[PDB]
Structures are given as structure tokens and as C-alpha cells.
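What follows is a short report on a single structure.
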Amino acid sequence: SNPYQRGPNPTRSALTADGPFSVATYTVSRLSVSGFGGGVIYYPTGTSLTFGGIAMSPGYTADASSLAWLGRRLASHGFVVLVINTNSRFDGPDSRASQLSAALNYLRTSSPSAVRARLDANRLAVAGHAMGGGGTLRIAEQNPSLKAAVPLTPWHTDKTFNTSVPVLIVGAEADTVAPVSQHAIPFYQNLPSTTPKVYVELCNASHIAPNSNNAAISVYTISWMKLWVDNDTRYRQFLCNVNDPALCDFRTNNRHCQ
């Protein structure tokens, strides 16, 4: 039996709305932490269980509020989620990677009492938007103990990341900030062939698709985190043998399906 399993048997519908756990928030001021700009922690309340943790980075010029819906959404499905602010809104992808690393260390070692109560510090993952998604790829390369990485419409000038952390990339077909032909798709192709990987391309979507409630992003992000952070194979069904009308491409090496 699986000790990390949380929540009822999933349906796709349920993964497009906030989940079964009530969500508490904690605002982390920038001056209260070293190595990153604070942010917002979304975490389960009204529960005695523990959950894996996720550090999430916004993109260039953006703040944590640009991913608030997704922090809340993930927390409500059973995760402790710190959406960071960066030291400067102009920080690049590799700076964002360093700040994600600082944020993960903060979650494990110096986060608030109520947050530590809910966190299994052994089970951590990362996600990020745009330059924050480039930062997600880089920290995955740096920290093979991470359980999963979800780069959303990622941007980076480097195209090849040597990581074994399971990666699910979301591209936006009509992205003109991080065009999929130059960013997301090369990232996917250049990851090692042995790394479990998925690429989903949102039909006729812009770069800012991750910044508001988005059913596809919700389904794939929750499912990848459940599968890898919680070992929760009930979520394989949403990631394997996918036909989804919101997607205009779906690619995988199928390592996650068995």
C-alpha cells in the first residue's frame, strides 16, 4: 500500500477545479528570507496529513500573483506550494534556478510551523513559468533528488539540460515570447532519452496561458506531480494514451506509463 496517496480516486473533471483540501496561505516577506524574494505559500489546512512540496517561479517582470491560481490549485489537491517572488523582477532563468533552490531549502528548514507540519521534506518538486520554467530546467539539472519538474511555456537561451528528473513541458502553440520551435520543443528533444518526459502543446494558446485558470495546465501539472511526488499511479490515466482537444501536440517516451 502507498503511504503517500491522498484524496479520492481522480476524475478528469475534478482536476479542472480546486481539489478536496482546504487551502491556507502564508505571505513570506522579501526581507524575511535570504536567497529569494519571499512569495506566498499555499498549503493544506484542516488536515493532519503530510504532503510533498513544490517551489514555483514566475517569469520575467512577473510576480507570484501571476501563478496564484496554480499555487492554490495544486495545494488544494494535496501539496505544499511556495510561489516565489524573485530578488529582482528582472532576474534571468539561471538566477531563478538559484532562487528556487533557496526556496526549497527554506521550505525544508525554516518555513512556518504550520507549513512544516504539512510538509514531507523528503518529497520535493519544481515548476515555473517562462524564465521561471528555464529556471526549473536548470535546477532539475542541479538537483537530481527532485521528484519532478514542470516547465510552463519555458524560456532559456541554453537548450540542453542534463537532468534525470521527470519533466513535463507545457508549450503554447502561438507563444511569441518563448516560441515553442526555439524553446519548449528543443528542451524536450534535448533532454536525455532515458529521462521520463512529456511535451504537451496547448492549441492556439499564448505565452500567458499559465497565468490564469487553465484546465489543461491544471490536469497535466496535478497529474505529473501526483505520479512522481506521491508515487500515485492513479494519475497515470491522465498522462498515458491521451487524446485531449485542448492539445495540438502530445509527445512522450512513455517511461511513466508502467
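Labels used: A, B, ... for chains in the order of the C-alpha cells, numbers from 1 for residues in each chain, and numbers from 1 for ligands as shown.
Shell of range 26-33 of chain A at 10 Å, with only C-alpha atoms counted and residues fewer than 4 places along the chain excluded, is residues 37, 38, 39, 40, 41, 42, 43, 82, 83, 84, 85, 86, 87, 102, 103, 106, 110, 111, 112, 114 and 115 of chain A.
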If you run DSSP on this backbone, which residues of range 22-212 of chain A come out as strand (DSSP E or B), and could you give them as number ranges by chain?
-> A: 22-28, 39-45, 51-57, 80-84, 119-129, 149-152, 167-172, 197-202
Shell around range 5-8 of chain A at 9 Å using only C-alpha atoms, local window under 4 positions removed, as a JSON list (two decimals) with N, CA and C atoms, in the first residue's frame:
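Output below, filename out_22.json:
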```json
[["chain", "number", "residue", "atom", "x", "y", "z"],
["A", 1, "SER", "N", 0.84, -1.22, 0.00],
["A", 1, "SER", "CA", 0.00, 0.00, 0.00],
["A", 1, "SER", "C", 0.88, 1.27, 0.00],
["A", 19, "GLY", "N", -9.33, 21.17, -5.52],
["A", 19, "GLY", "CA", -9.49, 19.84, -5.05],
["A", 19, "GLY", "C", -10.02, 19.73, -3.64],
["A", 20, "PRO", "N", -9.84, 18.57, -3.03],
["A", 20, "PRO", "CA", -10.53, 18.24, -1.79],
["A", 20, "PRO", "C", -9.99, 18.90, -0.53],
["A", 21, "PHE", "N", -8.78, 19.47, -0.58],
["A", 21, "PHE", "CA", -8.15, 20.02, 0.61],
["A", 21, "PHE", "C", -8.41, 21.53, 0.69],
["A", 49, "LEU", "N", -2.50, 15.26, 7.74],
["A", 49, "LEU", "CA", -1.57, 14.51, 6.85],
["A", 49, "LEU", "C", -0.41, 15.40, 6.43],
["A", 51, "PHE", "N", 2.40, 16.13, 3.10],
["A", 51, "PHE", "CA", 2.31, 16.23, 1.63],
["A", 51, "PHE", "C", 3.68, 16.62, 1.10],
["A", 77, "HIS", "N", -5.16, 20.10, -4.13],
["A", 77, "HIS", "CA", -5.09, 18.72, -4.46],
["A", 77, "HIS", "C", -4.07, 17.94, -3.60],
["A", 78, "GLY", "N", -3.44, 18.62, -2.65],
["A", 78, "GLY", "CA", -2.60, 17.99, -1.64],
["A", 78, "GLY", "C", -1.10, 18.18, -1.84],
["A", 226, "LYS", "N", 1.36, 14.40, -8.90],
["A", 226, "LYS", "CA", 0.85, 13.24, -8.15],
["A", 226, "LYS", "C", 1.65, 11.98, -8.46],
["A", 230, "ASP", "N", 4.10, 11.74, -5.26],
["A", 230, "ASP", "CA", 3.35, 10.84, -4.35],
["A", 230, "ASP", "C", 3.42, 9.40, -4.78],
["A", 231, "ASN", "N", 4.08, 9.08, -5.91],
["A", 231, "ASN", "CA", 4.07, 7.71, -6.46],
["A", 231, "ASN", "C", 2.63, 7.26, -6.74],
["A", 232, "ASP", "N", 1.76, 8.20, -7.08],
["A", 232, "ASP", "CA", 0.33, 7.91, -7.12],
["A", 232, "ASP", "C", -0.07, 7.51, -8.54]]
```
Residues within 10 Å of residue 48 in chain A, only C-alpha atoms, excluding chain neighbours under 2 positions, as a list in words =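 Answer for this query is residues 44, 45, 46, 50, 117 and 118 of chain A.
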Among listed residues A:209, A:191, A:107, A:23, nearest residue 165 in chain A (using only C-alpha atoms) = A:191
Nearby residues (only C-alpha atoms) at most 10 Å from residue 122 in chain A, same-chain spacing under 5 positions excluded, as a PDB file with N, CA, C and O atoms, in the first residue's frame:
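Output file out_10.pdb follows:
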```
ATOM      1  N   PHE A  51       2.396  16.132   3.097  1.00  0.00           N
ATOM      2  CA  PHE A  51       2.308  16.228   1.629  1.00  0.00           C
ATOM      3  C   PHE A  51       3.677  16.617   1.105  1.00  0.00           C
ATOM      4  O   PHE A  51       4.496  17.230   1.798  1.00  0.00           O
ATOM      5  N   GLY A  52       3.911  16.317  -0.166  1.00  0.00           N
ATOM      6  CA  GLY A  52       5.103  16.816  -0.823  1.00  0.00           C
ATOM      7  C   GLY A  52       5.065  18.335  -1.046  1.00  0.00           C
ATOM      8  O   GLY A  52       3.999  18.964  -0.965  1.00  0.00           O
ATOM      9  N   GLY A  53       6.245  18.877  -1.328  1.00  0.00           N
ATOM     10  CA  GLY A  53       6.401  20.284  -1.543  1.00  0.00           C
ATOM     11  C   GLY A  53       6.833  20.643  -2.937  1.00  0.00           C
ATOM     12  O   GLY A  53       7.531  19.882  -3.612  1.00  0.00           O
ATOM     13  N   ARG A 108      12.083  23.326   3.563  1.00  0.00           N
ATOM     14  CA  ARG A 108      12.517  22.141   4.360  1.00  0.00           C
ATOM     15  C   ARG A 108      12.979  22.551   5.773  1.00  0.00           C
ATOM     16  O   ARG A 108      12.963  21.697   6.649  1.00  0.00           O
ATOM     17  N   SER A 145      17.757  14.862  -6.866  1.00  0.00           N
ATOM     18  CA  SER A 145      16.843  14.336  -5.875  1.00  0.00           C
ATOM     19  C   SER A 145      15.398  14.864  -6.045  1.00  0.00           C
ATOM     20  O   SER A 145      14.490  14.333  -5.412  1.00  0.00           O
ATOM     21  N   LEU A 146      15.213  15.903  -6.846  1.00  0.00           N
ATOM     22  CA  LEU A 146      13.853  16.382  -7.083  1.00  0.00           C
ATOM     23  C   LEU A 146      13.022  15.290  -7.730  1.00  0.00           C
ATOM     24  O   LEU A 146      13.516  14.547  -8.550  1.00  0.00           O
ATOM     25  N   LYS A 147      11.732  15.235  -7.373  1.00  0.00           N
ATOM     26  CA  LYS A 147      10.858  14.202  -7.877  1.00  0.00           C
ATOM     27  C   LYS A 147      10.289  14.487  -9.258  1.00  0.00           C
ATOM     28  O   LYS A 147       9.967  13.538  -9.994  1.00  0.00           O
ATOM     29  N   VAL A 229       5.689  12.844  -7.250  1.00  0.00           N
ATOM     30  CA  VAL A 229       5.903  13.260  -5.855  1.00  0.00           C
ATOM     31  C   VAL A 229       5.268  12.274  -4.889  1.00  0.00           C
ATOM     32  O   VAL A 229       5.833  12.025  -3.827  1.00  0.00           O
TER      33      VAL A 229
END
```
Using only C-alpha atoms, find each residue of range 60-170 of chain A with at least one atom at most 8 Å away from an atom of range 194-206 of chain A; report its shortest atom-to-atom pair and that distance in Å (one decimal), sort the rows by chain and rising residue number, and return the result as JSON lines.
```
{"residue": "A:163", "atom": "CA", "partner": "A:195", "partner_atom": "CA", "distance": 7.2}
{"residue": "A:164", "atom": "CA", "partner": "A:195", "partner_atom": "CA", "distance": 5.0}
{"residue": "A:165", "atom": "CA", "partner": "A:195", "partner_atom": "CA", "distance": 6.7}
{"residue": "A:166", "atom": "CA", "partner": "A:196", "partner_atom": "CA", "distance": 4.8}
{"residue": "A:167", "atom": "CA", "partner": "A:197", "partner_atom": "CA", "distance": 4.8}
{"residue": "A:168", "atom": "CA", "partner": "A:198", "partner_atom": "CA", "distance": 4.6}
{"residue": "A:169", "atom": "CA", "partner": "A:199", "partner_atom": "CA", "distance": 4.9}
{"residue": "A:170", "atom": "CA", "partner": "A:200", "partner_atom": "CA", "distance": 5.1}
```
Output N, CA and C atoms of each residue in that selection to a file, as a PDB file, in the first residue's frame.
```
ATOM      1  N   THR A 163      19.402  16.387 -17.161  1.00  0.00           N
ATOM      2  CA  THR A 163      18.674  16.032 -15.969  1.00  0.00           C
ATOM      3  C   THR A 163      18.013  14.691 -16.139  1.00  0.00           C
ATOM      4  N   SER A 164      17.908  13.967 -15.044  1.00  0.00           N
ATOM      5  CA  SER A 164      17.183  12.736 -14.943  1.00  0.00           C
ATOM      6  C   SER A 164      15.851  12.899 -14.223  1.00  0.00           C
ATOM      7  N   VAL A 165      15.550  14.104 -13.732  1.00  0.00           N
ATOM      8  CA  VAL A 165      14.276  14.367 -13.035  1.00  0.00           C
ATOM      9  C   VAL A 165      13.157  14.286 -14.085  1.00  0.00           C
ATOM     10  N   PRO A 166      12.039  13.604 -13.798  1.00  0.00           N
ATOM     11  CA  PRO A 166      10.961  13.560 -14.781  1.00  0.00           C
ATOM     12  C   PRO A 166      10.421  14.947 -15.113  1.00  0.00           C
ATOM     13  N   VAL A 167      10.330  15.248 -16.414  1.00  0.00           N
ATOM     14  CA  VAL A 167       9.976  16.571 -16.875  1.00  0.00           C
ATOM     15  C   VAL A 167       8.686  16.522 -17.731  1.00  0.00           C
ATOM     16  N   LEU A 168       7.725  17.380 -17.403  1.00  0.00           N
ATOM     17  CA  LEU A 168       6.560  17.605 -18.260  1.00  0.00           C
ATOM     18  C   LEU A 168       6.604  19.087 -18.650  1.00  0.00           C
ATOM     19  N   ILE A 169       6.789  19.342 -19.954  1.00  0.00           N
ATOM     20  CA  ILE A 169       6.811  20.678 -20.508  1.00  0.00           C
ATOM     21  C   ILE A 169       5.447  21.027 -21.120  1.00  0.00           C
ATOM     22  N   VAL A 170       4.940  22.206 -20.778  1.00  0.00           N
ATOM     23  CA  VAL A 170       3.772  22.746 -21.444  1.00  0.00           C
ATOM     24  C   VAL A 170       4.231  23.834 -22.415  1.00  0.00           C
TER      25      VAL A 170
END
```
Could you find all residues in range 166-252 of chain A that DSSP calls alpha helix (DSSP H) from the backbone, and write them as a list in words?
->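 Here are the alpha helix (DSSP H) residues of range 166-252 of chain A: residues 184, 185, 186, 187, 188, 189, 190, 215, 216, 217, 218, 219, 220, 221, 222, 223, 224, 225, 226, 227, 228 and 229 of chain A.
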With N, CA and C atoms retained, could you export that selection as a tab-separated table (two decimals), in the first residue's frame?
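The new file selection.tsv reads:
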```tsv
chain	number	residue	atom	x	y	z
A	184	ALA	N	10.48	25.40	-25.92
A	184	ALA	CA	9.90	24.16	-25.39
A	184	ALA	C	10.30	22.90	-26.15
A	185	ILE	N	10.17	22.90	-27.50
A	185	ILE	CA	10.41	21.68	-28.24
A	185	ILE	C	11.88	21.27	-28.19
A	186	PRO	N	12.84	22.18	-28.48
A	186	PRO	CA	14.24	21.82	-28.25
A	186	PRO	C	14.51	21.30	-26.84
A	187	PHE	N	13.91	21.95	-25.83
A	187	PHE	CA	14.15	21.46	-24.46
A	187	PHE	C	13.75	19.99	-24.34
A	188	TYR	N	12.55	19.69	-24.82
A	188	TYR	CA	12.04	18.33	-24.77
A	188	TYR	C	12.96	17.36	-25.50
A	189	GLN	N	13.32	17.70	-26.73
A	189	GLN	CA	14.12	16.81	-27.55
A	189	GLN	C	15.52	16.61	-27.00
A	190	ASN	N	16.06	17.63	-26.35
A	190	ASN	CA	17.44	17.59	-25.92
A	190	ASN	C	17.63	17.00	-24.54
A	215	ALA	N	-7.65	24.59	-17.79
A	215	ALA	CA	-8.00	23.23	-17.46
A	215	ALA	C	-6.87	22.29	-17.82
A	216	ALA	N	-6.30	22.43	-19.02
A	216	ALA	CA	-5.24	21.50	-19.43
A	216	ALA	C	-4.02	21.61	-18.51
A	217	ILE	N	-3.58	22.86	-18.26
A	217	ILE	CA	-2.44	23.01	-17.40
A	217	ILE	C	-2.71	22.38	-16.04
A	218	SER	N	-3.92	22.59	-15.53
A	218	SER	CA	-4.30	22.01	-14.24
A	218	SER	C	-4.18	20.47	-14.27
A	219	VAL	N	-4.81	19.86	-15.26
A	219	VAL	CA	-4.80	18.39	-15.36
A	219	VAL	C	-3.37	17.85	-15.41
A	220	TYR	N	-2.55	18.39	-16.33
A	220	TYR	CA	-1.23	17.80	-16.53
A	220	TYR	C	-0.29	18.08	-15.37
A	221	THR	N	-0.39	19.30	-14.81
A	221	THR	CA	0.50	19.63	-13.70
A	221	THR	C	0.15	18.81	-12.44
A	222	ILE	N	-1.15	18.77	-12.11
A	222	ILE	CA	-1.53	17.95	-10.97
A	222	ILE	C	-1.11	16.52	-11.19
A	223	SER	N	-1.38	15.98	-12.38
A	223	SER	CA	-1.13	14.57	-12.61
A	223	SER	C	0.35	14.23	-12.55
A	224	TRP	N	1.19	15.07	-13.15
A	224	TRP	CA	2.63	14.78	-13.11
A	224	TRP	C	3.16	14.84	-11.68
A	225	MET	N	2.71	15.85	-10.93
A	225	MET	CA	3.14	15.95	-9.54
A	225	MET	C	2.64	14.78	-8.70
A	226	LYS	N	1.36	14.40	-8.90
A	226	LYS	CA	0.85	13.24	-8.15
A	226	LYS	C	1.65	11.98	-8.46
A	227	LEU	N	1.88	11.73	-9.75
A	227	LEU	CA	2.54	10.49	-10.15
A	227	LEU	C	3.92	10.37	-9.53
A	228	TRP	N	4.69	11.47	-9.57
A	228	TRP	CA	6.10	11.41	-9.19
A	228	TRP	C	6.36	11.80	-7.75
A	229	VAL	N	5.69	12.84	-7.25
A	229	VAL	CA	5.90	13.26	-5.86
A	229	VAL	C	5.27	12.27	-4.89
```
Long-range neighbours of residue 179 in chain A as a list in words, 10 Å cut-off, only C-alpha atoms, 3 positions minimum in chain |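 Neighbouring residues, sequence-local ones excluded: residues 153, 154, 155, 171, 172, 173, 174, 175, 176, 182, 183, 184, 185, 206 and 207 of chain A.
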Quick one: distance from CA of residue 213 in chain A to CA of residue 13 in chain A in Å, one decimal?
->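 Between these atoms lies a distance of 13.8 Å.
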